[PDB]
Amino acid sequence: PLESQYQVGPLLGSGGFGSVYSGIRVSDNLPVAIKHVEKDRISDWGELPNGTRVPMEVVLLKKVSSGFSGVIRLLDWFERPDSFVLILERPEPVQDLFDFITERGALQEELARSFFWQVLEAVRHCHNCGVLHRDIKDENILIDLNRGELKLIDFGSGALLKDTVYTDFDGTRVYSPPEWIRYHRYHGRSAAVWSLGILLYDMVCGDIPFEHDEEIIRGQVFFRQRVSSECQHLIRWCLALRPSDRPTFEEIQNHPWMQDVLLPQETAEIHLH
Ligand SMILES: Nc1ncc(-c2ccc3n[nH]c(-c4cnc5ccccc5c4)c3c2)s1
């Protein structure tokens with residue numbers, strides 16, 4: 001079933017997310033990525049319309065799979081005796097945002113604006129479709145270098161979006177908000193906005209702002225690179241200590257620092273080609 005349809009290539013990487021291989025769809029040569037997840041490592045299960053018991057990750061990906069290219073598309077999946085296999089699209093050439101920032105150091109504001117805008121559009125898309133990622137960070141964002149388009153990956157820490165409190169969290173700690181650190185409680189939207197502030201700081205400073213719990217709780221942001229005041233203000237706003245003081249997605253995208261964003265294609269021509 002999986003054997004003849006996909007020709008398997010090298011290992012792209014592995015972690016809490018599982019093991020992901022480069023691959024090619026045999027019928028039409030399409031570039032793909034092939035992700036294996038062991039059943040024993042999955043603590044979070046869900047259910048399709050079908051009533052079939054799958055990993056929540058699969059539920060979340062199917063709910064967001066549509067014309068929109070800001071989220072990695074699930075092309076197919078398969079169950080095996082001890083694992084699930086996911087076939088995802090693979091842009092070529094591609095690089096993850098963590099590697100891209102490591103190579104360049106801090107990004108120019110114009111490039112950070114375009115990237116961040118695209119992450120925002122993509123997270124809004126997820127929220128629209130009832131999905132909360134819960135692990136927004138540079139390693140979970142791929143750059144299609146030709147088109148200048150970003151894609152969210154790794155929905156393995158995600159959840160159905162809801163308006164009531166969350167008391168579980170298995171995403172990345174240094175991107176998690178102070179209310180989680182202190183009370184093991186958070187709400188979806190406001191926690192997401194906090195991770196987005198961490199991500200934006202990361203883009204423009206070349207590194208995340210907080211390491212330890214106490215830095216997160218104190219929430220004092222020091223800028224290690226030259227960053228415009230508008231951007232500093234947006235960042236500080238997203239990282240407000242009280243959840244209710246954080247901006248909505250609308251307020252972020254109406255922020256003065258976010259005006260006049262480049263198109264993705266313009267972004268590739270100026271900064272990636
Ligand atoms: N940790 C991960 N979970 C899913 C991942 C994933 C999913 C779909 C992908 N399409 N293309 C890639 C990918 C990612 N990183 C690369 C790094 C170098 C070269 C090619 C790459 C392709 C995907 C990775 S990575």
# chains A, B, ... in the order shown; residues from 1 in each chain; ligands from 1
$ closest_atom_pairs --of "chain A" --to "ligand 1" --cutoff "7 Å" --atoms "only C-alpha atoms and all ligand atoms" --output "CSV"
residue,atom,partner,partner_atom_place_in_ligand_line,distance
A:12,CA,ligand 1,16 (C),5.7
A:13,CA,ligand 1,1 (N),6.6
A:14,CA,ligand 1,1 (N),6.3
A:15,CA,ligand 1,1 (N),6.8
A:17,CA,ligand 1,1 (N),5.3
A:18,CA,ligand 1,1 (N),6.9
A:20,CA,ligand 1,5 (C),6.1
A:22,CA,ligand 1,22 (C),6.8
A:32,CA,ligand 1,10 (N),6.4
A:33,CA,ligand 1,10 (N),4.9
A:35,CA,ligand 1,4 (C),6.5
A:72,CA,ligand 1,8 (C),6.4
A:88,CA,ligand 1,8 (C),5.3
A:89,CA,ligand 1,10 (N),5.4
A:90,CA,ligand 1,10 (N),3.6
A:91,CA,ligand 1,11 (N),5.8
A:94,CA,ligand 1,20 (C),5.5
A:95,CA,ligand 1,17 (C),5.2
A:96,CA,ligand 1,15 (N),5.8
A:140,CA,ligand 1,1 (N),6.8
A:142,CA,ligand 1,14 (C),6.5
A:153,CA,ligand 1,4 (C),5.5
A:154,CA,ligand 1,3 (N),4.6
$ write_last_selection --atoms "N, CA, C and O atoms" --output "compact mmCIF listing (two decimals), in the first residue's frame"
# COMPACT_ATOMS: atom_id res chain seq x y z
N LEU A 12 15.34 13.32 6.85
CA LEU A 12 15.41 14.79 7.00
C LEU A 12 15.66 15.22 8.46
O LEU A 12 16.32 16.21 8.70
N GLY A 13 15.12 14.48 9.42
CA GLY A 13 15.32 14.79 10.84
C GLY A 13 14.48 13.92 11.76
O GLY A 13 13.68 13.09 11.30
N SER A 14 14.65 14.11 13.07
CA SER A 14 13.86 13.38 14.07
C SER A 14 13.89 14.03 15.47
O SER A 14 14.86 14.70 15.84
N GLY A 15 12.82 13.82 16.24
CA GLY A 15 12.70 14.38 17.59
C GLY A 15 11.43 13.94 18.29
O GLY A 15 10.94 12.84 18.05
N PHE A 17 8.65 15.04 17.65
CA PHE A 17 7.76 14.92 16.49
C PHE A 17 7.80 13.57 15.75
O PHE A 17 6.87 13.25 15.02
N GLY A 18 8.88 12.80 15.91
CA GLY A 18 9.02 11.52 15.20
C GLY A 18 10.15 11.53 14.19
O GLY A 18 11.16 12.20 14.40
N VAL A 20 11.17 11.80 10.04
CA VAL A 20 10.65 12.31 8.78
C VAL A 20 11.68 12.09 7.68
O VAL A 20 12.84 12.47 7.85
N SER A 22 12.68 12.27 3.37
CA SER A 22 12.38 12.76 2.03
C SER A 22 11.85 11.60 1.22
O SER A 22 12.12 10.44 1.51
N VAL A 32 7.67 14.68 -1.77
CA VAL A 32 6.91 14.54 -0.53
C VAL A 32 7.83 14.38 0.68
O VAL A 32 9.05 14.26 0.54
N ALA A 33 7.22 14.43 1.86
CA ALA A 33 7.89 14.10 3.10
C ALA A 33 7.06 13.03 3.77
O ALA A 33 5.83 13.07 3.72
N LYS A 35 6.40 10.98 7.22
CA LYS A 35 6.56 11.11 8.65
C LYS A 35 6.03 9.88 9.36
O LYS A 35 4.89 9.48 9.14
N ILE A 72 1.27 23.26 6.02
CA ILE A 72 1.71 22.07 5.32
C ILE A 72 0.50 21.17 5.02
O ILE A 72 -0.27 20.88 5.92
N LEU A 88 3.19 14.18 3.46
CA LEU A 88 3.00 15.61 3.45
C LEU A 88 3.67 16.18 2.23
O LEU A 88 4.56 15.56 1.66
N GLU A 89 3.25 17.36 1.81
CA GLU A 89 3.91 18.03 0.70
C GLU A 89 5.34 18.42 1.10
O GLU A 89 5.68 18.47 2.29
N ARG A 90 6.18 18.61 0.10
CA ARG A 90 7.57 19.00 0.30
C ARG A 90 7.95 20.03 -0.74
O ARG A 90 8.10 19.68 -1.91
N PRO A 91 8.08 21.30 -0.33
CA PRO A 91 8.60 22.31 -1.25
C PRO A 91 10.08 22.05 -1.50
O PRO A 91 10.77 21.46 -0.66
N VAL A 94 13.83 24.10 0.10
CA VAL A 94 13.17 24.45 1.33
C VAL A 94 14.21 24.54 2.43
O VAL A 94 15.23 23.86 2.38
N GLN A 95 13.95 25.41 3.41
CA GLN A 95 14.76 25.50 4.62
C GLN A 95 13.87 25.92 5.79
O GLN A 95 12.99 26.77 5.64
N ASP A 96 14.12 25.34 6.97
CA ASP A 96 13.37 25.71 8.16
C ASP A 96 13.86 27.04 8.71
O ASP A 96 14.97 27.48 8.40
N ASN A 140 9.27 24.91 13.61
CA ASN A 140 7.98 24.46 13.05
C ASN A 140 7.46 25.30 11.90
O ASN A 140 6.27 25.28 11.58
N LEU A 142 8.58 26.18 7.82
CA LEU A 142 9.41 25.94 6.63
C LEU A 142 9.27 27.09 5.68
O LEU A 142 8.18 27.66 5.54
N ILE A 153 4.32 23.51 10.19
CA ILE A 153 4.43 22.07 10.26
C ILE A 153 4.23 21.64 11.69
O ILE A 153 4.01 22.47 12.58
N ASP A 154 4.34 20.34 11.92
CA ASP A 154 4.32 19.75 13.25
C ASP A 154 3.13 19.98 14.19
O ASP A 154 3.26 20.63 15.21
$ residues_around --residues "residue 182 in chain A" --least-positions-apart "2" --cutoff "10 Å" --atoms "only C-alpha atoms" --output "list in words"
residues 177, 178, 179, 180, 184, 185, 213, 214, 216 and 217 of chain A
$ closest_residue --among "A:66, A:176, A:108, A:244" --to "residue 204 in chain A" --atoms "only C-alpha atoms"
A:108
$ residues_around --residues "residue 195 in chain A" --least-positions-apart "6" --cutoff "10 Å" --atoms "only C-alpha atoms" --output "ChimeraX atom specification"
/A:134-137,172-177,201,238-239
$ write_last_selection --atoms "C-alpha atoms" --output "PDB file, in the first residue's frame"
ATOM      1  CA  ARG A 134       0.394  25.077  20.590  1.00  0.00           C
ATOM      2  CA  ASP A 135       3.981  24.882  19.346  1.00  0.00           C
ATOM      3  CA  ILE A 136       4.569  27.927  17.153  1.00  0.00           C
ATOM      4  CA  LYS A 137       8.352  28.384  16.824  1.00  0.00           C
ATOM      5  CA  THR A 172       8.150  24.092  23.807  1.00  0.00           C
ATOM      6  CA  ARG A 173       8.672  25.535  27.291  1.00  0.00           C
ATOM      7  CA  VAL A 174      10.663  28.656  26.383  1.00  0.00           C
ATOM      8  CA  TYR A 175       7.762  29.677  24.050  1.00  0.00           C
ATOM      9  CA  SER A 176       5.075  28.989  26.723  1.00  0.00           C
ATOM     10  CA  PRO A 177       3.449  31.874  28.578  1.00  0.00           C
ATOM     11  CA  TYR A 201      11.817  38.667  18.983  1.00  0.00           C
ATOM     12  CA  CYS A 238       2.495  40.319  22.585  1.00  0.00           C
ATOM     13  CA  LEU A 239       4.552  39.434  25.658  1.00  0.00           C
TER      14      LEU A 239
END
$ closest_residue --among "A:161, A:264, A:106, A:255" --to "residue 63 in chain A" --atoms "only C-alpha atoms"
A:161
$ select_by_dssp --residues "range 151-255 of chain A" --states "strand (DSSP E or B)" --output "JSON, numbers by chain"
{"A": [151, 152, 159, 160, 166, 186]}
$ write_last_selection --atoms "N, CA, C and O atoms" --output "short mmCIF file (atom, residue, chain, number, x, y, z; two decimals), in the first residue's frame"
data_model
loop_
_atom_site.label_atom_id
_atom_site.label_comp_id
_atom_site.auth_asym_id
_atom_site.auth_seq_id
_atom_site.Cartn_x
_atom_site.Cartn_y
_atom_site.Cartn_z
N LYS A 151 5.37 27.85 5.67
CA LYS A 151 4.41 26.80 5.99
C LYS A 151 4.58 26.33 7.42
O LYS A 151 5.70 26.05 7.85
N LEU A 152 3.47 26.23 8.15
CA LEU A 152 3.45 25.62 9.47
C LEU A 152 3.51 24.12 9.35
O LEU A 152 2.78 23.54 8.56
N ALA A 159 -4.25 20.92 19.47
CA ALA A 159 -5.53 20.56 20.07
C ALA A 159 -6.65 21.19 19.29
O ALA A 159 -6.43 22.14 18.54
N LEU A 160 -7.85 20.66 19.44
CA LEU A 160 -9.02 21.36 18.94
C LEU A 160 -9.06 22.70 19.68
O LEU A 160 -8.77 22.77 20.88
N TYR A 166 -7.15 25.55 29.19
CA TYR A 166 -6.33 24.37 28.91
C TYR A 166 -5.47 24.12 30.14
O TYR A 166 -4.95 25.07 30.73
N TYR A 186 -3.97 28.02 30.76
CA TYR A 186 -3.90 29.04 29.71
C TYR A 186 -5.12 28.94 28.82
O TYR A 186 -5.85 27.94 28.85
#
$ closest_atom_pairs --of "range 54-172 of chain A" --to "range 187-191 of chain A" --cutoff "12 Å" --atoms "only C-alpha atoms" --output "CSV"
residue,atom,partner,partner_atom,distance
A:120,CA,A:189,CA,11.9
A:123,CA,A:189,CA,9.8
A:124,CA,A:189,CA,9.8
A:126,CA,A:189,CA,11.1
A:127,CA,A:189,CA,8.4
A:128,CA,A:189,CA,11.6
A:130,CA,A:188,CA,10.9
A:131,CA,A:188,CA,9.6
A:132,CA,A:188,CA,6.7
A:133,CA,A:188,CA,9.0
A:134,CA,A:188,CA,7.8
A:135,CA,A:191,CA,10.0
A:136,CA,A:191,CA,10.1
A:158,CA,A:188,CA,10.3
A:159,CA,A:188,CA,9.2
A:160,CA,A:188,CA,9.6
A:161,CA,A:188,CA,6.8
A:162,CA,A:188,CA,7.1
A:163,CA,A:187,CA,7.0
A:164,CA,A:187,CA,6.7
A:165,CA,A:187,CA,5.1
A:166,CA,A:187,CA,5.9
A:167,CA,A:187,CA,9.1
A:168,CA,A:187,CA,10.9
A:169,CA,A:191,CA,10.7
A:171,CA,A:191,CA,11.2
A:172,CA,A:191,CA,12.0
$ closest_residue --among "A:225, A:197, A:260, A:97" --to "residue 247 in chain A" --atoms "only C-alpha atoms"
A:197
$ residues_around --residues "residue 82 in chain A" --least-positions-apart "2" --cutoff "7 Å" --atoms "only C-alpha atoms" --output "mmCIF file with N, CA, C and O atoms, in the first residue's frame"
data_model
loop_
_atom_site.group_PDB
_atom_site.id
_atom_site.type_symbol
_atom_site.label_atom_id
_atom_site.label_comp_id
_atom_site.auth_asym_id
_atom_site.auth_seq_id
_atom_site.Cartn_x
_atom_site.Cartn_y
_atom_site.Cartn_z
ATOM 1 N N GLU A 38 5.352 6.590 16.153
ATOM 2 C CA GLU A 38 5.046 5.339 16.850
ATOM 3 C C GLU A 38 3.814 5.520 17.723
ATOM 4 O O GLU A 38 3.648 6.553 18.366
ATOM 5 N N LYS A 39 2.956 4.504 17.734
ATOM 6 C CA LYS A 39 1.735 4.528 18.537
ATOM 7 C C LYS A 39 1.998 4.686 20.029
ATOM 8 O O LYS A 39 1.264 5.397 20.704
ATOM 9 N N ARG A 80 -0.260 1.468 10.588
ATOM 10 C CA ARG A 80 0.530 0.240 10.585
ATOM 11 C C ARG A 80 0.384 -0.425 11.931
ATOM 12 O O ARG A 80 -0.168 0.174 12.849
#
$ closest_residue --among "A:263, A:192, A:42, A:143" --to "residue 57 in chain A" --atoms "only C-alpha atoms"
A:42
$ select_by_dssp --residues "range 158-200 of chain A" --states "helix (DSSP H, G or I)" --output "VMD selection string"
chain A and resid 173 to 175 178 to 183 188 to 200
$ atom_distance --atom1 "CA of residue 148 in chain A" --atom2 "CA of residue 9 in chain A"
25.0 Å
$ decode --residues "range 61-78 of chain A" --atoms "N, CA, C and O atoms" --output "short mmCIF file (atom, residue, chain, number, x, y, z; two decimals), in the first residue's frame"
data_model
loop_
_atom_site.label_atom_id
_atom_site.label_comp_id
_atom_site.auth_asym_id
_atom_site.auth_seq_id
_atom_site.Cartn_x
_atom_site.Cartn_y
_atom_site.Cartn_z
N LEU A 61 -4.64 18.17 11.01
CA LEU A 61 -4.16 18.42 9.65
C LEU A 61 -5.27 18.36 8.61
O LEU A 61 -5.32 19.19 7.70
N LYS A 62 -6.16 17.37 8.73
CA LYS A 62 -7.31 17.26 7.82
C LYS A 62 -8.25 18.45 7.97
O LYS A 62 -8.80 18.91 6.99
N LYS A 63 -8.42 18.95 9.19
CA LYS A 63 -9.28 20.12 9.40
C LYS A 63 -8.73 21.39 8.76
O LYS A 63 -9.50 22.26 8.37
N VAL A 64 -7.41 21.51 8.64
CA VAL A 64 -6.81 22.70 8.02
C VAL A 64 -6.41 22.54 6.56
O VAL A 64 -6.04 23.52 5.93
N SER A 65 -6.47 21.32 6.01
CA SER A 65 -6.05 21.06 4.62
C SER A 65 -7.09 21.60 3.64
O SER A 65 -8.19 21.10 3.56
N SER A 66 -6.67 22.65 2.93
CA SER A 66 -7.48 23.41 1.97
C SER A 66 -6.58 24.22 1.04
O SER A 66 -5.36 24.15 1.15
N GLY A 67 -7.16 24.96 0.09
CA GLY A 67 -6.35 25.78 -0.83
C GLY A 67 -5.18 26.55 -0.22
O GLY A 67 -4.21 26.87 -0.92
N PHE A 68 -5.27 26.85 1.07
CA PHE A 68 -4.32 27.73 1.74
C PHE A 68 -2.95 27.09 1.95
O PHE A 68 -2.84 26.06 2.59
N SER A 69 -1.91 27.74 1.45
CA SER A 69 -0.57 27.18 1.46
C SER A 69 0.26 27.56 2.68
O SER A 69 1.43 27.18 2.75
N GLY A 70 -0.32 28.31 3.63
CA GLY A 70 0.36 28.68 4.87
C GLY A 70 0.50 27.54 5.86
O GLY A 70 1.22 27.65 6.85
N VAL A 71 -0.21 26.44 5.61
CA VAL A 71 -0.10 25.24 6.42
C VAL A 71 0.34 24.07 5.53
O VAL A 71 -0.15 23.92 4.41
N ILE A 72 1.27 23.26 6.02
CA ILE A 72 1.71 22.07 5.32
C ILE A 72 0.50 21.17 5.02
O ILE A 72 -0.27 20.88 5.92
N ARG A 73 0.36 20.74 3.78
CA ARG A 73 -0.76 19.88 3.36
C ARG A 73 -0.52 18.39 3.65
O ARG A 73 0.53 17.85 3.29
N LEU A 74 -1.48 17.74 4.31
CA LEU A 74 -1.47 16.28 4.46
C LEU A 74 -2.05 15.66 3.19
O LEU A 74 -3.20 15.87 2.90
N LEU A 75 -1.24 14.91 2.45
CA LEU A 75 -1.67 14.34 1.17
C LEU A 75 -2.35 13.00 1.38
O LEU A 75 -3.31 12.66 0.70
N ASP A 76 -1.85 12.24 2.34
CA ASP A 76 -2.36 10.92 2.60
C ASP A 76 -1.82 10.47 3.95
O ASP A 76 -0.91 11.09 4.50
N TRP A 77 -2.37 9.40 4.48
CA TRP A 77 -1.83 8.77 5.68
C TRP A 77 -2.17 7.28 5.67
O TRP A 77 -3.02 6.84 4.88
N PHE A 78 -1.51 6.52 6.54
CA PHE A 78 -1.67 5.06 6.65
C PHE A 78 -1.43 4.64 8.08
O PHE A 78 -0.53 5.15 8.74
#
